[PDB]
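Undergrad: Shown below is the structure under consideration.
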Amino acid sequence: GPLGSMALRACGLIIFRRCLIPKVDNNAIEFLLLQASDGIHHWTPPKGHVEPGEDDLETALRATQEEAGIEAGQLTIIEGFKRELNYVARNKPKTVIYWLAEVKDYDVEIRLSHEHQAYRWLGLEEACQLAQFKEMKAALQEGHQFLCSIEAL
Numbered sequence: 001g002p003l004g005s006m007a008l009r010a011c012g013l014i015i016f017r018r019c020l021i022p023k024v025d026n027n028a029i030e031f032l033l034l035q036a037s038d039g040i041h042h043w044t045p046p047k048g049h050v051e052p053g054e055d056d057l058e059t060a061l062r063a064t065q066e067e068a069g070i071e072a073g074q075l076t077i078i079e080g081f082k083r084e085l086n087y088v089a090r091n092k093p094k095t096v097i098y099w100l101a102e103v104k105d106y107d108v109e110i111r112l113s114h115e116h117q118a119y120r121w122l123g124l125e126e127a128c129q130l131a132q133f134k135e136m137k138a139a140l141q142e143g144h145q146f147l148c149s150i151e152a153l
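Position 110, counted from 1, in the sequence shown is what the deposited numbering calls 110; the numbers after and before it change by one each time, with no gaps.
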């Protein structure tokens with residue numbers, strides 16, 4: 001009787017800084033992106049792994065501050081939006097659950113772990129260009145699509 005642990009469980013935080021008012025109707029929202037310190041230097045949000053008796057979101061919260069310095073006490077996790085990117089790159093399927101979050105401070109502290117060396121604040125277009133990965137462009141895309149469906153434009 002297998003426990004069904006097939007695949008690795010993961011939780012990251014799609015952080016988005018909302019602006020007080022619209023500007024060019026595009027850069028109104030920005031996302032937090034960390035740059036890998038090695039590999040092809042792809043851009044990706046605070047990704048981490050969730051423990052067993054650990055919560056799914058708290059893992060994202062813990063990874064958000066550990067790989068960025070921003071924790072739930074520093075951002076606002078949006079409710080109603082939820083999606084996980086699951087795919088097996090090298091040879092292991094990884095489910096990643098992403099929640100939309102907004103950091104309270106525009107210049108909020110950004111701490112990167114050895115895995116990440118640099119981060120950039122860009123709009124969905126660049127966040128999508130850097131996150132060339134279709135899965136992230138959609139996560140960054142659907143997150144923006146849903147947030148525009150709440151109250152703020």
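All C-beta atoms in this analysis are idealised placements derived from N, C-alpha and C, irrespective of residue type, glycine included.
Need the endpoints of the beta strand (DSSP E) that residue 33 sits in, please.
TA: Where residue 33 is concerned, the enclosing beta strand (DSSP E) stretches over 29 to 36.
Undergrad: On a Cα-Cα basis, can you pick out the residue from 128, 153, 48 and 79 that is closest to residue 115?
TA: Looking at the Cα atoms, 48 is the closest of the given residues.
Undergrad: Answer with buried or exposed for residue 147, where buried requires no fewer than 16 other C-beta atoms within 10 angstroms of its C-beta.
TA: With 16 or more other Cβ atoms within 10 Å, it is buried.
Undergrad: Helix or strand or just coil, what does DSSP make of residue 82?
TA: It is coil, neither helix nor strand.
Undergrad: Would you identify the three-state DSSP class for residue 73, choosing helix, strand or coil?
TA: Residue 73 falls in the coil class under three-state DSSP.
Undergrad: With H, G and I counted as helix, E and B as strand and the rest as coil, what does DSSP make of residue 132?
TA: Residue 132 falls in the coil class under three-state DSSP.
Undergrad: Using a 10 Å radius around the Cβ and a threshold of 16 neighbouring Cβ atoms, would you call residue 45 buried or exposed?
TA: Buried: at least 16 other Cβ atoms inside 10 Å.
Undergrad: According to DSSP, is residue 60 part of a helix, a strand, or is it coil?
TA: Helix.
Undergrad: Going by C-alpha to C-alpha distance, which of 138, 113 and 118 sits closest to residue 124?
TA: Of the candidates 138, 113 and 118, the one whose C-alpha sits nearest the C-alpha of residue 124 is 138.
Undergrad: Just to confirm, is the Cβ distance from residue 119 to residue 34 under 7 Å?
TA: Contact: yes.
Undergrad: Excluding sequence positions up to five away, which residues of its chain have a Cβ less than 6 Å from the Cβ of residue 65?
TA: Excluding sequence neighbours, residue 65 sits near 71.
Undergrad: Can you tell me whether DSSP reads residue 8 as helix, strand or coil?
TA: Residue 8 falls in the strand class under three-state DSSP.
Undergrad: I need the boundaries of the beta strand (DSSP E) containing residue 46, first residue and last residue.
TA: Careful: residue 46 lies outside any beta strand (DSSP E) and carries neither H nor E.
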